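To start, the structure itself, in structure tokens.
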Amino acid sequence: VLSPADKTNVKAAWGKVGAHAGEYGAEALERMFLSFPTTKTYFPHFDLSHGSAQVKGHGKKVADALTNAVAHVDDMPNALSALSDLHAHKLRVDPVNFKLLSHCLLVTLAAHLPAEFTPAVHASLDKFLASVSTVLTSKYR
Amino acid sequence: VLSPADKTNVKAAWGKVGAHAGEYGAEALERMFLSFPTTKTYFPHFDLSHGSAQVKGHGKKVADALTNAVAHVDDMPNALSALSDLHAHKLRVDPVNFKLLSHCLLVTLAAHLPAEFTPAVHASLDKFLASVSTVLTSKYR
Amino acid sequence: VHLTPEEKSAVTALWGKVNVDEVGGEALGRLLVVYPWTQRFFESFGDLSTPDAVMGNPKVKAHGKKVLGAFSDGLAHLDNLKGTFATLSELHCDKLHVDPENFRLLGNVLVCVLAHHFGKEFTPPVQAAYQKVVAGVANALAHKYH
Amino acid sequence: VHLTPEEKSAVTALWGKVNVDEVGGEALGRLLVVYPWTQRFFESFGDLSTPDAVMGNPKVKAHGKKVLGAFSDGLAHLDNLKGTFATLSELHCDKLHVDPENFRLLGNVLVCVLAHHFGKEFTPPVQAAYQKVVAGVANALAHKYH
Ligand code: HEM
Ligand code: HEM
Ligand code: HEM
Ligand code: HEM
């Protein structure tokens, strides 16, 4: 449901991020584990304390997967087919938690990219993050 | 998305509803208004009392749109286009209430179809309803 | 939760004809068929391929006996749900790592079953009381989730 | 709601440096923009078609000024959020007919506005303390819904 004005926005603000993606992703989780303790359940084999390398290493993957989606924003179902299967049959994360991350992500983009975080872009991204949550869970049943 | 089987089961559970559709849709409404009072915020113009001509008439429309969705499950976006626009631009109901109306619709079908309502059919009806929820809110932004 | 004296009597009346052990295996099996992503905890249960395999698994059935048992014994302390489940709440978080959402999915598949089980007797006013009760039981299990 | 010593000191210290008339105007505008269907309760507000409009609309900015105002008043009474909004809850339900869900959306848009305004200062622990206040205040408004 992303209008042209939407892809231009998403691409625009995700272009400014650039190298910082890893750092940014890493913070989105820390805000998630602290603001929504029930998402800590999916990581009982991690060390969730501030500065955890594991959390920074995971954020990196998550963020690269979004950069990958922003590139192939026209054909996501396929660029993300391998991730979709992984979350559907192996990780089995309840669909709800996808909303908590998206939210925690946008928050991390505002406290870092204030000039480009206009109410227009703000709405394009949320949709974007929604659109990725619709794919990553498409095959749960 | 759906599977060839889910369709056969949907066309099954429904094919048995027959002429109890408008009446089953009426029960599903009373239930939703009782187990979830927050929904009565969308009907401040109705007489929400047992038997109401308004609540019954409505239950008839709702089901009929479902009977139509089932007939064209191989092509739902097209068939519910008129309602998509209606919900997205006029009524404007929070996408969360669609899930509540869905729960009350399964409770009804189960209390009325003892023989048919099997685990595999239950699974399919729940998908179908959510698939109907996705089309009606697809144009929200 | 806060049910009226008439709503509580209702709950108890209908639960006096519930075969706790059968409904247990029907509730826990249906939770794993409609929402397969719950199966993530029962790898050590064996065959969970088909709905029949899931519905005829002696382990799923046995676990259902437990769940709906601990559930049924909580109907005697409707006025103190948290107290009664304060320990299982702690356990599900720290050692089981079970996402609290699951108690909401199970609480709804429990309502659809009692509906399929009692038919016309499972009336709208009766359903609500049960909805308040399952929510209340879910809320209590997720009370000590740090 | 319940907040620890460190949390409450984080929530307050920060709320002391907030122009309640700027954040409220902003917050209500974005709610209307990011989640359009919430534009339903405001027909008599004028032009809302473009975001540039919504944000420059005086009636929308005037409202947000009063809403976020009544919000600060409860920030003084955290230990009793339910009794502090007892009258407003009734109002929103009975005469306004506003689906409580809309208190959950505003609460999340309000944390984004705080993170956009303070930047780094809005550290993860701080935000955490804020997700609590909002959800709390949210239940408090939805508390007297029938
Ligand atoms: C924007 C949404 C999400 C994206 C794009 C994403 C992406 C990924 C990626 C790239 C991996 C690494 C796969 C590999 O090891 O090769 C992964 C793994 C994982 N994800 Fe997600 N994920 C998302 C949401 C979620 C959510 C909401 C949760 C949390 C409640 C979750 C839990 C996990 C877990 C537990 C793993 C495995 C961790 C490990 O490597 O040990 N993911 N995800
Ligand atoms: C499976 C989902 C749903 C279906 C198939 C559905 C279908 C319909 C239909 C067929 C109409 C009749 C429009 C006309 O008269 O031309 C309509 C109107 C309406 N719907 Fe939806 N709807 C659904 C969900 C919802 C939900 C969840 C709510 C809200 C809690 C809702 C609230 C309304 C209202 C307020 C009306 C207008 C009543 C009036 O005529 O004044 N709908 N819907
Ligand atoms: C109304 C809710 C429920 C109640 C009353 C409940 C109760 C119990 C009880 C009595 C135990 C045994 C604790 C012990 O080992 O000492 C337990 C264990 C467990 N429960 Fe729950 N539970 C509930 C819902 C669920 C659900 C929905 C899931 C997850 C999707 C779940 C998964 C488990 C697992 C994995 C164990 C351990 C399995 C085993 O060792 O046999 N429970 N629960
Ligand atoms: C943190 C939450 C909120 C607080 C503390 C709050 C507070 C208030 C207060 C103080 C009034 C003013 C009554 C008057 O003097 O006329 C009011 C009215 C109203 N609120 Fe809220 N409110 C909240 C959220 C919302 C939301 C999310 C919506 C809808 C999307 C909403 C819609 C309205 C409307 C339309 C009015 C009535 C305007 C009129 O007709 O005069 N409020 N609110």
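In the structure tokens, the first chain shown is A, the next is B, and so on; residue numbers restart at 1 for each chain, and ligands run from 1 in the order shown.
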
Which residues, written as a compact mmCIF listing (two decimals) with C-alpha atoms, in the first residue's frame, have at least one atom at most 12 Å from residue D:102, with only C-alpha atoms counted and residues fewer than 2 positions away on the same chain left out?
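File written: result31.txt
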# COMPACT_ATOMS: atom_id res chain seq x y z
CA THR B 38 -15.69 -0.99 23.86
CA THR B 41 -18.75 3.11 20.53
CA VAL B 93 -13.12 1.40 12.60
CA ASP B 94 -9.90 0.59 14.46
CA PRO B 95 -8.32 -2.52 12.87
CA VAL B 96 -8.34 -4.17 16.32
CA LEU D 28 -2.18 15.30 18.24
CA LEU D 31 -1.75 10.97 15.56
CA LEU D 32 -4.11 12.33 12.90
CA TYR D 35 -3.18 7.01 11.82
CA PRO D 36 -5.74 8.75 9.59
CA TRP D 37 -8.89 6.91 10.75
CA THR D 38 -8.55 8.88 14.01
CA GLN D 39 -9.64 11.94 12.00
CA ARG D 40 -13.23 10.66 12.44
CA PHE D 41 -13.82 12.40 15.79
CA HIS D 92 -15.08 9.87 26.64
CA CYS D 93 -17.30 6.78 26.79
CA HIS D 97 -17.97 7.57 22.15
CA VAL D 98 -14.18 7.30 21.69
CA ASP D 99 -12.87 3.73 21.33
CA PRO D 100 -10.35 3.41 24.20
CA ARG D 104 -2.99 3.57 23.12
CA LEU D 105 -2.08 5.14 19.80
CA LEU D 106 -1.62 8.64 21.19
CA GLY D 107 0.54 7.27 24.01
CA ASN D 108 3.01 5.78 21.50
CA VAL D 109 3.09 8.89 19.28
CA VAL D 134 1.24 6.14 29.07
CA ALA D 135 -0.17 2.60 29.13
CA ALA D 138 -4.46 4.76 28.98
CA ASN D 139 -6.12 2.13 31.20
CA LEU D 141 -9.21 6.55 30.83
CA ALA D 142 -10.63 3.27 29.53

Fit chain A to chain B, using all C-alpha atoms paired in sequence order for the least-squares superposition, and then show me the result as a compact mmCIF listing (two decimals) with N, CA and C atoms, in the first residue's frame.
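File out.txt, as written:
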# COMPACT_ATOMS: atom_id res chain seq x y z
N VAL A 1 -3.00 -16.71 1.95
CA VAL A 1 -2.23 -17.87 2.48
C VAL A 1 -3.09 -19.14 2.65
N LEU A 2 -4.29 -19.12 2.06
CA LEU A 2 -5.22 -20.23 2.17
C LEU A 2 -4.91 -21.34 1.17
N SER A 3 -4.56 -22.48 1.74
CA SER A 3 -4.23 -23.68 1.03
C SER A 3 -5.55 -24.25 0.50
N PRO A 4 -5.48 -25.07 -0.55
CA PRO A 4 -6.66 -25.70 -1.13
C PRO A 4 -7.58 -26.34 -0.02
N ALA A 5 -6.97 -27.11 0.90
CA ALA A 5 -7.66 -27.78 2.01
C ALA A 5 -8.45 -26.71 2.78
N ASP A 6 -7.98 -25.46 2.71
CA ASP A 6 -8.61 -24.32 3.40
C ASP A 6 -9.89 -23.83 2.73
N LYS A 7 -9.86 -23.72 1.40
CA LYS A 7 -11.01 -23.24 0.64
C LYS A 7 -12.12 -24.27 0.66
N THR A 8 -11.74 -25.53 0.61
CA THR A 8 -12.68 -26.64 0.66
C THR A 8 -13.37 -26.65 2.02
N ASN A 9 -12.60 -26.40 3.08
CA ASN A 9 -13.18 -26.34 4.42
C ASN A 9 -14.14 -25.16 4.54
N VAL A 10 -13.60 -23.96 4.38
CA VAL A 10 -14.39 -22.74 4.45
C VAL A 10 -15.68 -22.87 3.65
N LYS A 11 -15.56 -23.29 2.39
CA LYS A 11 -16.74 -23.43 1.55
C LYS A 11 -17.69 -24.48 2.12
N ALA A 12 -17.12 -25.59 2.58
CA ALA A 12 -17.89 -26.70 3.13
C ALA A 12 -18.77 -26.29 4.31
N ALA A 13 -18.17 -25.69 5.32
CA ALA A 13 -18.90 -25.26 6.51
C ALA A 13 -19.82 -24.07 6.24
N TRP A 14 -19.46 -23.21 5.30
CA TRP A 14 -20.30 -22.06 4.97
C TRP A 14 -21.47 -22.50 4.10
N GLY A 15 -21.36 -23.69 3.52
CA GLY A 15 -22.44 -24.21 2.71
C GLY A 15 -23.52 -24.80 3.61
N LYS A 16 -23.10 -25.37 4.73
CA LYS A 16 -24.05 -25.95 5.67
C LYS A 16 -24.90 -24.84 6.30
N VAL A 17 -24.28 -23.70 6.60
CA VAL A 17 -25.00 -22.56 7.18
C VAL A 17 -26.24 -22.28 6.34
N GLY A 18 -26.02 -21.81 5.12
CA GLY A 18 -27.11 -21.54 4.20
C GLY A 18 -28.00 -20.38 4.60
N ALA A 19 -29.30 -20.66 4.68
CA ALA A 19 -30.31 -19.65 5.02
C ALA A 19 -30.10 -18.96 6.35
N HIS A 20 -29.61 -19.71 7.32
CA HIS A 20 -29.38 -19.21 8.67
C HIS A 20 -28.38 -18.06 8.82
N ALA A 21 -27.64 -17.76 7.77
CA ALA A 21 -26.63 -16.70 7.84
C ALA A 21 -27.11 -15.45 8.57
N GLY A 22 -28.26 -14.92 8.18
CA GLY A 22 -28.77 -13.73 8.83
C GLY A 22 -28.88 -13.92 10.33
N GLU A 23 -29.51 -15.02 10.75
CA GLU A 23 -29.68 -15.29 12.17
C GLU A 23 -28.32 -15.37 12.85
N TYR A 24 -27.40 -16.10 12.22
CA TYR A 24 -26.06 -16.30 12.77
C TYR A 24 -25.28 -15.01 12.93
N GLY A 25 -25.28 -14.20 11.89
CA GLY A 25 -24.57 -12.94 11.95
C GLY A 25 -25.10 -12.09 13.09
N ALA A 26 -26.42 -12.00 13.18
CA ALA A 26 -27.07 -11.20 14.23
C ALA A 26 -26.59 -11.55 15.64
N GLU A 27 -26.36 -12.83 15.90
CA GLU A 27 -25.90 -13.28 17.21
C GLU A 27 -24.43 -12.98 17.48
N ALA A 28 -23.63 -12.94 16.42
CA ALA A 28 -22.20 -12.67 16.54
C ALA A 28 -21.92 -11.28 17.07
N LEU A 29 -22.84 -10.36 16.79
CA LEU A 29 -22.70 -8.99 17.23
C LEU A 29 -23.11 -8.88 18.69
N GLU A 30 -24.25 -9.48 19.04
CA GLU A 30 -24.77 -9.44 20.40
C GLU A 30 -23.75 -10.00 21.37
N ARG A 31 -22.97 -10.96 20.90
CA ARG A 31 -21.93 -11.55 21.72
C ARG A 31 -20.79 -10.55 21.78
N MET A 32 -20.65 -9.77 20.71
CA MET A 32 -19.57 -8.79 20.63
C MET A 32 -19.80 -7.56 21.50
N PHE A 33 -21.03 -7.04 21.48
CA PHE A 33 -21.39 -5.89 22.29
C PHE A 33 -21.40 -6.23 23.78
N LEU A 34 -21.73 -7.47 24.12
CA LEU A 34 -21.78 -7.90 25.51
C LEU A 34 -20.43 -8.34 26.03
N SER A 35 -19.61 -8.91 25.16
CA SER A 35 -18.29 -9.39 25.58
C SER A 35 -17.20 -8.35 25.40
N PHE A 36 -17.45 -7.37 24.53
CA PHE A 36 -16.49 -6.30 24.26
C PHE A 36 -17.20 -4.94 24.12
N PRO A 37 -17.64 -4.37 25.25
CA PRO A 37 -18.36 -3.09 25.28
C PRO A 37 -17.76 -1.96 24.44
N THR A 38 -16.45 -1.98 24.20
CA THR A 38 -15.84 -0.90 23.43
C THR A 38 -16.22 -0.91 21.95
N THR A 39 -16.97 -1.92 21.51
CA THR A 39 -17.37 -2.00 20.11
C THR A 39 -18.75 -1.42 19.96
N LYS A 40 -19.31 -1.02 21.08
CA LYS A 40 -20.64 -0.40 21.09
C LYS A 40 -20.51 1.06 20.67
N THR A 41 -19.30 1.61 20.80
CA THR A 41 -19.05 3.00 20.43
C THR A 41 -19.42 3.30 18.98
N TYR A 42 -19.09 2.38 18.08
CA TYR A 42 -19.39 2.56 16.66
C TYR A 42 -20.88 2.55 16.31
N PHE A 43 -21.73 2.26 17.30
CA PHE A 43 -23.17 2.24 17.06
C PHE A 43 -23.96 3.01 18.12
N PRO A 44 -23.74 4.33 18.24
CA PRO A 44 -24.51 5.10 19.23
C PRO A 44 -25.91 5.48 18.72
N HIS A 45 -26.16 5.21 17.44
CA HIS A 45 -27.44 5.52 16.80
C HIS A 45 -28.32 4.28 16.68
N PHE A 46 -27.93 3.22 17.38
CA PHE A 46 -28.67 1.97 17.36
C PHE A 46 -29.24 1.69 18.73
N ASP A 47 -30.18 0.75 18.75
CA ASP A 47 -30.77 0.25 19.99
C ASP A 47 -30.13 -1.13 20.15
N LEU A 48 -29.18 -1.24 21.06
CA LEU A 48 -28.43 -2.49 21.24
C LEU A 48 -29.00 -3.51 22.23
N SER A 49 -30.31 -3.46 22.46
CA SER A 49 -30.95 -4.40 23.39
C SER A 49 -31.36 -5.70 22.70
N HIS A 50 -31.39 -6.78 23.47
CA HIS A 50 -31.75 -8.08 22.95
C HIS A 50 -33.01 -7.98 22.10
N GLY A 51 -32.96 -8.61 20.93
CA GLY A 51 -34.08 -8.60 20.01
C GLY A 51 -34.12 -7.39 19.10
N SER A 52 -33.12 -6.52 19.18
CA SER A 52 -33.09 -5.32 18.36
C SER A 52 -33.12 -5.64 16.87
N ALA A 53 -34.15 -5.15 16.18
CA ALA A 53 -34.28 -5.38 14.76
C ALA A 53 -33.09 -4.79 14.02
N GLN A 54 -32.63 -3.62 14.44
CA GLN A 54 -31.47 -2.98 13.81
C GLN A 54 -30.26 -3.90 13.79
N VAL A 55 -30.00 -4.55 14.92
CA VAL A 55 -28.87 -5.47 15.03
C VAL A 55 -29.05 -6.71 14.14
N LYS A 56 -30.29 -7.19 14.01
CA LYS A 56 -30.56 -8.33 13.16
C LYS A 56 -30.46 -7.91 11.70
N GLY A 57 -30.80 -6.66 11.43
CA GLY A 57 -30.74 -6.16 10.07
C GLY A 57 -29.32 -5.93 9.62
N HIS A 58 -28.46 -5.59 10.57
CA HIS A 58 -27.07 -5.36 10.27
C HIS A 58 -26.37 -6.69 10.08
N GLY A 59 -26.65 -7.62 10.98
CA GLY A 59 -26.06 -8.95 10.89
C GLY A 59 -26.30 -9.55 9.52
N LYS A 60 -27.49 -9.32 8.99
CA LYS A 60 -27.85 -9.82 7.69
C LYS A 60 -26.85 -9.30 6.64
N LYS A 61 -26.60 -7.99 6.62
CA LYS A 61 -25.66 -7.43 5.65
C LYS A 61 -24.28 -8.05 5.79
N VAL A 62 -23.74 -7.99 7.00
CA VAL A 62 -22.42 -8.54 7.31
C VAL A 62 -22.28 -9.98 6.83
N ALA A 63 -23.30 -10.78 7.09
CA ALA A 63 -23.29 -12.19 6.71
C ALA A 63 -23.36 -12.41 5.20
N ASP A 64 -24.09 -11.54 4.50
CA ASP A 64 -24.20 -11.65 3.05
C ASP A 64 -22.87 -11.27 2.42
N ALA A 65 -22.18 -10.32 3.04
CA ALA A 65 -20.88 -9.87 2.57
C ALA A 65 -19.83 -10.98 2.73
N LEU A 66 -20.05 -11.90 3.67
CA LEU A 66 -19.10 -13.01 3.88
C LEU A 66 -19.40 -14.13 2.89
N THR A 67 -20.68 -14.34 2.63
CA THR A 67 -21.13 -15.33 1.66
C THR A 67 -20.59 -14.89 0.31
N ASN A 68 -20.56 -13.57 0.12
CA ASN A 68 -20.06 -12.99 -1.11
C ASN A 68 -18.55 -13.25 -1.23
N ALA A 69 -17.85 -13.14 -0.10
CA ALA A 69 -16.40 -13.37 -0.06
C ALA A 69 -16.05 -14.86 -0.24
N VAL A 70 -16.86 -15.75 0.34
CA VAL A 70 -16.66 -17.20 0.23
C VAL A 70 -16.81 -17.64 -1.22
N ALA A 71 -17.68 -16.95 -1.96
CA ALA A 71 -17.92 -17.26 -3.36
C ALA A 71 -16.71 -16.84 -4.20
N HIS A 72 -16.26 -15.61 -3.97
CA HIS A 72 -15.11 -15.07 -4.66
C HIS A 72 -13.91 -15.12 -3.74
N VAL A 73 -13.68 -16.29 -3.15
CA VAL A 73 -12.55 -16.42 -2.23
C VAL A 73 -11.21 -16.26 -2.95
N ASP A 74 -11.20 -16.47 -4.26
CA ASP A 74 -9.97 -16.31 -5.06
C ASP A 74 -9.65 -14.83 -5.35
N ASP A 75 -10.69 -14.02 -5.55
CA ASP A 75 -10.52 -12.59 -5.84
C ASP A 75 -11.39 -11.76 -4.90
N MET A 76 -10.94 -11.64 -3.66
CA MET A 76 -11.66 -10.87 -2.64
C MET A 76 -11.46 -9.35 -2.76
N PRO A 77 -10.20 -8.89 -2.88
CA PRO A 77 -9.92 -7.45 -2.97
C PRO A 77 -10.90 -6.66 -3.84
N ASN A 78 -11.38 -7.29 -4.91
CA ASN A 78 -12.32 -6.64 -5.83
C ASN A 78 -13.79 -6.82 -5.45
N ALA A 79 -14.18 -8.01 -4.99
CA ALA A 79 -15.56 -8.26 -4.60
C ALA A 79 -15.89 -7.36 -3.42
N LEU A 80 -14.87 -7.10 -2.61
CA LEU A 80 -15.01 -6.26 -1.42
C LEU A 80 -14.40 -4.86 -1.58
N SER A 81 -14.13 -4.41 -2.80
CA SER A 81 -13.54 -3.08 -2.97
C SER A 81 -14.42 -1.97 -2.41
N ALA A 82 -15.71 -2.03 -2.71
CA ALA A 82 -16.68 -1.03 -2.21
C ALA A 82 -16.79 -1.00 -0.68
N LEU A 83 -16.65 -2.15 -0.02
CA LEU A 83 -16.72 -2.19 1.44
C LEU A 83 -15.45 -1.60 2.02
N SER A 84 -14.32 -1.94 1.41
CA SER A 84 -13.01 -1.45 1.85
C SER A 84 -12.97 0.07 1.90
N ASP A 85 -13.51 0.72 0.87
CA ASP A 85 -13.50 2.18 0.81
C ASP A 85 -14.38 2.76 1.91
N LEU A 86 -15.53 2.12 2.12
CA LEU A 86 -16.51 2.54 3.11
C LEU A 86 -15.99 2.52 4.54
N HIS A 87 -15.17 1.53 4.87
CA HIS A 87 -14.64 1.40 6.22
C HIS A 87 -13.40 2.25 6.42
N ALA A 88 -12.72 2.53 5.31
CA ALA A 88 -11.49 3.33 5.32
C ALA A 88 -11.70 4.84 5.38
N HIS A 89 -12.72 5.33 4.69
CA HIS A 89 -12.95 6.77 4.60
C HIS A 89 -14.25 7.31 5.20
N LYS A 90 -15.14 6.42 5.62
CA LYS A 90 -16.41 6.85 6.17
C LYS A 90 -16.65 6.37 7.60
N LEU A 91 -16.59 5.06 7.80
CA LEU A 91 -16.82 4.46 9.11
C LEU A 91 -15.57 4.61 9.96
N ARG A 92 -14.42 4.28 9.39
CA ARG A 92 -13.14 4.44 10.08
C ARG A 92 -13.01 3.65 11.39
N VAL A 93 -13.48 2.40 11.36
CA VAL A 93 -13.41 1.49 12.49
C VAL A 93 -11.95 1.12 12.73
N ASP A 94 -11.46 1.25 13.96
CA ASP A 94 -10.08 0.90 14.25
C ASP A 94 -9.83 -0.55 13.90
N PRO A 95 -8.71 -0.86 13.22
CA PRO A 95 -8.45 -2.25 12.83
C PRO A 95 -8.62 -3.31 13.91
N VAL A 96 -8.30 -2.97 15.16
CA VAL A 96 -8.41 -3.92 16.25
C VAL A 96 -9.77 -4.66 16.36
N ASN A 97 -10.87 -3.92 16.31
CA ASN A 97 -12.22 -4.50 16.45
C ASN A 97 -12.58 -5.63 15.47
N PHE A 98 -11.83 -5.73 14.38
CA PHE A 98 -12.07 -6.77 13.38
C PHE A 98 -11.78 -8.13 14.00
N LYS A 99 -10.82 -8.16 14.91
CA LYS A 99 -10.45 -9.39 15.60
C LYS A 99 -11.56 -9.85 16.55
N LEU A 100 -12.20 -8.90 17.22
CA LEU A 100 -13.26 -9.20 18.17
C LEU A 100 -14.48 -9.81 17.49
N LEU A 101 -14.79 -9.34 16.28
CA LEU A 101 -15.93 -9.85 15.54
C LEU A 101 -15.64 -11.26 15.03
N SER A 102 -14.48 -11.44 14.38
CA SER A 102 -14.06 -12.74 13.87
C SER A 102 -14.24 -13.75 14.99
N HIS A 103 -13.59 -13.48 16.12
CA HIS A 103 -13.69 -14.33 17.30
C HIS A 103 -15.15 -14.62 17.66
N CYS A 104 -15.95 -13.56 17.76
CA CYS A 104 -17.36 -13.72 18.14
C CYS A 104 -18.15 -14.48 17.08
N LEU A 105 -17.62 -14.51 15.87
CA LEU A 105 -18.27 -15.21 14.77
C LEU A 105 -18.01 -16.70 14.94
N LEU A 106 -16.74 -17.07 14.96
CA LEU A 106 -16.36 -18.47 15.15
C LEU A 106 -17.14 -19.10 16.32
N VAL A 107 -17.28 -18.36 17.42
CA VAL A 107 -18.01 -18.84 18.59
C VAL A 107 -19.46 -19.20 18.22
N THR A 108 -20.07 -18.35 17.42
CA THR A 108 -21.45 -18.53 16.96
C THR A 108 -21.56 -19.73 16.00
N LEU A 109 -20.46 -20.09 15.34
CA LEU A 109 -20.46 -21.21 14.40
C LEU A 109 -20.27 -22.54 15.11
N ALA A 110 -19.67 -22.50 16.30
CA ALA A 110 -19.45 -23.71 17.06
C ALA A 110 -20.71 -24.10 17.82
N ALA A 111 -21.37 -23.11 18.42
CA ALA A 111 -22.59 -23.33 19.17
C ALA A 111 -23.79 -23.55 18.25
N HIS A 112 -23.53 -23.80 16.97
CA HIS A 112 -24.59 -24.02 16.00
C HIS A 112 -24.25 -25.15 15.03
N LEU A 113 -22.97 -25.25 14.69
CA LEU A 113 -22.48 -26.24 13.74
C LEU A 113 -21.39 -27.07 14.40
N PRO A 114 -21.77 -27.94 15.35
CA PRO A 114 -20.75 -28.73 16.04
C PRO A 114 -20.11 -29.88 15.27
N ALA A 115 -20.85 -30.50 14.36
CA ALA A 115 -20.33 -31.65 13.65
C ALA A 115 -19.31 -31.27 12.60
N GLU A 116 -19.47 -30.08 12.03
CA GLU A 116 -18.57 -29.60 11.00
C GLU A 116 -17.47 -28.68 11.52
N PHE A 117 -17.51 -28.38 12.82
CA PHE A 117 -16.51 -27.52 13.45
C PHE A 117 -15.32 -28.29 14.02
N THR A 118 -14.63 -29.03 13.16
CA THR A 118 -13.46 -29.81 13.54
C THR A 118 -12.26 -28.88 13.74
N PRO A 119 -11.21 -29.36 14.43
CA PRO A 119 -10.03 -28.50 14.63
C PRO A 119 -9.34 -28.12 13.32
N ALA A 120 -9.64 -28.83 12.23
CA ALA A 120 -9.05 -28.51 10.94
C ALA A 120 -9.81 -27.32 10.38
N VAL A 121 -11.11 -27.50 10.20
CA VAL A 121 -11.97 -26.43 9.70
C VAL A 121 -11.79 -25.19 10.55
N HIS A 122 -11.83 -25.39 11.86
CA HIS A 122 -11.68 -24.32 12.84
C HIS A 122 -10.50 -23.40 12.50
N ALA A 123 -9.42 -24.00 12.02
CA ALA A 123 -8.22 -23.25 11.67
C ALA A 123 -8.32 -22.60 10.29
N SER A 124 -9.11 -23.18 9.40
CA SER A 124 -9.29 -22.64 8.06
C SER A 124 -10.09 -21.34 8.15
N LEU A 125 -11.18 -21.40 8.91
CA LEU A 125 -12.07 -20.26 9.10
C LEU A 125 -11.33 -19.07 9.72
N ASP A 126 -10.74 -19.26 10.89
CA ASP A 126 -9.99 -18.20 11.56
C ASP A 126 -9.09 -17.48 10.55
N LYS A 127 -8.42 -18.25 9.70
CA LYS A 127 -7.57 -17.68 8.68
C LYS A 127 -8.45 -16.88 7.75
N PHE A 128 -9.53 -17.50 7.32
CA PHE A 128 -10.47 -16.85 6.42
C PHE A 128 -10.86 -15.49 6.96
N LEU A 129 -11.39 -15.49 8.18
CA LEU A 129 -11.83 -14.27 8.84
C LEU A 129 -10.70 -13.26 8.93
N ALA A 130 -9.48 -13.76 9.11
CA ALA A 130 -8.29 -12.92 9.13
C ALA A 130 -8.09 -12.29 7.75
N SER A 131 -8.18 -13.11 6.72
CA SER A 131 -8.02 -12.68 5.33
C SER A 131 -9.02 -11.59 4.89
N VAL A 132 -10.21 -11.60 5.47
CA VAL A 132 -11.24 -10.61 5.15
C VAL A 132 -10.94 -9.32 5.91
N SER A 133 -10.33 -9.46 7.08
CA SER A 133 -9.94 -8.31 7.89
C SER A 133 -8.73 -7.61 7.26
N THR A 134 -7.95 -8.34 6.47
CA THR A 134 -6.78 -7.77 5.82
C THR A 134 -7.20 -6.95 4.61
N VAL A 135 -8.31 -7.34 4.01
CA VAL A 135 -8.83 -6.63 2.86
C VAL A 135 -9.61 -5.37 3.31
N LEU A 136 -10.68 -5.58 4.07
CA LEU A 136 -11.51 -4.50 4.58
C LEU A 136 -10.75 -3.31 5.21
N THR A 137 -9.47 -3.49 5.53
CA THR A 137 -8.68 -2.41 6.13
C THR A 137 -7.46 -2.00 5.30
N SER A 138 -7.23 -2.71 4.20
CA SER A 138 -6.09 -2.46 3.34
C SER A 138 -5.88 -0.99 2.97
N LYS A 139 -6.97 -0.25 2.82
CA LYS A 139 -6.88 1.15 2.40
C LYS A 139 -7.04 2.21 3.50
N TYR A 140 -6.70 1.88 4.74
CA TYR A 140 -6.85 2.84 5.82
C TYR A 140 -5.83 3.98 5.77
N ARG A 141 -4.74 3.77 5.05
CA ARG A 141 -3.69 4.76 4.89
C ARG A 141 -2.78 4.36 3.74

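Distance-wise, atom CA of residue D:2 and atom 3 (C, counted along the ligand's line) of ligand 4 end up 20.0 Å apart.
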
Alpha helix (DSSP H) positions in stretch 62-141 of chain C, given as a ChimeraX atom specification: /C:62-72,81-94,102-118,124-141

Shell of 9 Å around residue C:85, only C-alpha atoms, local chain residues under 6 positions omitted, as a ChimeraX atom specification: /C:74,137,140-141,143

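Reported to one decimal place, the separation of atom CA of residue C:128 from atom CA of residue C:11 is 10.0 Å.
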
Within 9 Å of residue C:126, counting only C-alpha atoms, which residues show up once you throw out same-chain ones fewer than 6 positions away? Write them as a PDB file with N, CA, C and O atoms, in the first residue's frame, please.
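Produced file selection25.pdb, reproduced below:
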ATOM      1  N   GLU C   7     -23.113 -13.841  37.718  1.00  0.00           N
ATOM      2  CA  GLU C   7     -22.140 -14.272  36.719  1.00  0.00           C
ATOM      3  C   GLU C   7     -21.231 -15.364  37.255  1.00  0.00           C
ATOM      4  O   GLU C   7     -20.806 -16.246  36.515  1.00  0.00           O
ATOM      5  N   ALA C  10     -23.025 -18.637  37.370  1.00  0.00           N
ATOM      6  CA  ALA C  10     -23.125 -19.163  36.015  1.00  0.00           C
ATOM      7  C   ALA C  10     -21.892 -19.990  35.676  1.00  0.00           C
ATOM      8  O   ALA C  10     -21.997 -21.166  35.323  1.00  0.00           O
ATOM      9  N   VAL C  11     -20.728 -19.368  35.808  1.00  0.00           N
ATOM     10  CA  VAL C  11     -19.452 -20.018  35.543  1.00  0.00           C
ATOM     11  C   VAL C  11     -19.399 -21.398  36.182  1.00  0.00           C
ATOM     12  O   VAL C  11     -19.148 -22.400  35.518  1.00  0.00           O
ATOM     13  N   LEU C  14     -21.935 -24.263  34.819  1.00  0.00           N
ATOM     14  CA  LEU C  14     -21.504 -24.883  33.571  1.00  0.00           C
ATOM     15  C   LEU C  14     -20.220 -25.704  33.727  1.00  0.00           C
ATOM     16  O   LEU C  14     -20.047 -26.716  33.044  1.00  0.00           O
TER      17      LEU C  14
END
